[PDB]
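J.: This is input_24.txt (compact mmCIF, N, CA and C atoms).
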```
# COMPACT_ATOMS: atom_id res chain seq x y z
N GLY A 1 0.82 -1.20 0.00
CA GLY A 1 0.00 0.00 0.00
C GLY A 1 0.85 1.24 0.00
N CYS A 2 0.94 1.88 -1.15
CA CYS A 2 1.77 3.05 -1.33
C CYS A 2 1.30 4.18 -0.44
N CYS A 3 0.05 4.48 -0.53
CA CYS A 3 -0.52 5.60 0.22
C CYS A 3 -0.67 5.27 1.72
N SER A 4 -0.36 4.06 2.10
CA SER A 4 -0.37 3.67 3.48
C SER A 4 1.08 3.72 4.01
N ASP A 5 2.02 3.79 3.09
CA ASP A 5 3.44 3.82 3.41
C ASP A 5 3.93 5.26 3.34
N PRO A 6 4.40 5.84 4.46
CA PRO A 6 4.81 7.25 4.54
C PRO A 6 5.72 7.77 3.39
N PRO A 7 6.86 7.10 3.02
CA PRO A 7 7.70 7.58 1.90
C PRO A 7 6.96 7.51 0.55
N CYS A 8 5.99 6.65 0.48
CA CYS A 8 5.20 6.45 -0.73
C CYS A 8 3.91 7.31 -0.61
N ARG A 9 3.85 8.15 0.41
CA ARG A 9 2.68 8.97 0.65
C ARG A 9 3.07 10.43 0.70
N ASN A 10 4.07 10.72 1.50
CA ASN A 10 4.56 12.09 1.72
C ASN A 10 5.16 12.71 0.46
N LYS A 11 5.59 11.88 -0.45
CA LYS A 11 6.13 12.33 -1.70
C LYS A 11 5.03 12.48 -2.73
N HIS A 12 3.82 12.19 -2.30
CA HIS A 12 2.66 12.16 -3.16
C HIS A 12 1.48 12.91 -2.49
N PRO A 13 1.66 14.23 -2.19
CA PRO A 13 0.70 15.00 -1.39
C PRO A 13 -0.55 15.43 -2.15
N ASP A 14 -0.63 15.05 -3.40
CA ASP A 14 -1.79 15.38 -4.21
C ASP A 14 -2.91 14.39 -3.94
N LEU A 15 -2.58 13.12 -4.01
CA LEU A 15 -3.54 12.09 -3.74
C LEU A 15 -3.55 11.74 -2.27
N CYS A 16 -2.42 11.87 -1.64
CA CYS A 16 -2.28 11.57 -0.27
C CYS A 16 -1.80 12.81 0.48
```
Kindly transcribe the structure held in the file into structure tokens.

T.:
Amino acid sequence: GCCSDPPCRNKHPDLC
């Protein structure tokens, strides 16, 4: 889960 994983989330502040 990308959006559940901080590095895969914080770098993606548009969707997450």

J.: Report, in Å with one decimal, the straight-line distance from atom CA of residue A:16 to atom CA of residue A:3.

T.: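 Taking atom CA of residue A:16 and atom CA of residue A:3, their separation equals 6.2 Å.
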
J.: Using atom CA of residue A:1 and atom N of residue A:14 as the two end points, give the distance in Å to one decimal.

T.: 15.4 Å

J.: To test your reading of the structure, identify every residue in chain A that backbone DSSP assigns to helix (DSSP H, G or I), and report it as a PDB file with N, CA and C atoms, keeping the file's coordinate frame.

T.:
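Generated file (selection07.pdb):
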```pdb
ATOM      1  N   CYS A   2       0.940   1.880  -1.150  1.00  0.00           N
ATOM      2  CA  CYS A   2       1.770   3.050  -1.330  1.00  0.00           C
ATOM      3  C   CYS A   2       1.300   4.180  -0.440  1.00  0.00           C
ATOM      4  N   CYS A   3       0.050   4.480  -0.530  1.00  0.00           N
ATOM      5  CA  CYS A   3      -0.520   5.600   0.220  1.00  0.00           C
ATOM      6  C   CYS A   3      -0.670   5.270   1.720  1.00  0.00           C
ATOM      7  N   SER A   4      -0.360   4.060   2.100  1.00  0.00           N
ATOM      8  CA  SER A   4      -0.370   3.670   3.480  1.00  0.00           C
ATOM      9  C   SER A   4       1.080   3.720   4.010  1.00  0.00           C
ATOM     10  N   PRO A   6       4.400   5.840   4.460  1.00  0.00           N
ATOM     11  CA  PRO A   6       4.810   7.250   4.540  1.00  0.00           C
ATOM     12  C   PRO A   6       5.720   7.770   3.390  1.00  0.00           C
ATOM     13  N   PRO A   7       6.860   7.100   3.020  1.00  0.00           N
ATOM     14  CA  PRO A   7       7.700   7.580   1.900  1.00  0.00           C
ATOM     15  C   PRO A   7       6.960   7.510   0.550  1.00  0.00           C
ATOM     16  N   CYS A   8       5.990   6.650   0.480  1.00  0.00           N
ATOM     17  CA  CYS A   8       5.200   6.450  -0.730  1.00  0.00           C
ATOM     18  C   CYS A   8       3.910   7.310  -0.610  1.00  0.00           C
TER      19      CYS A   8
END
```
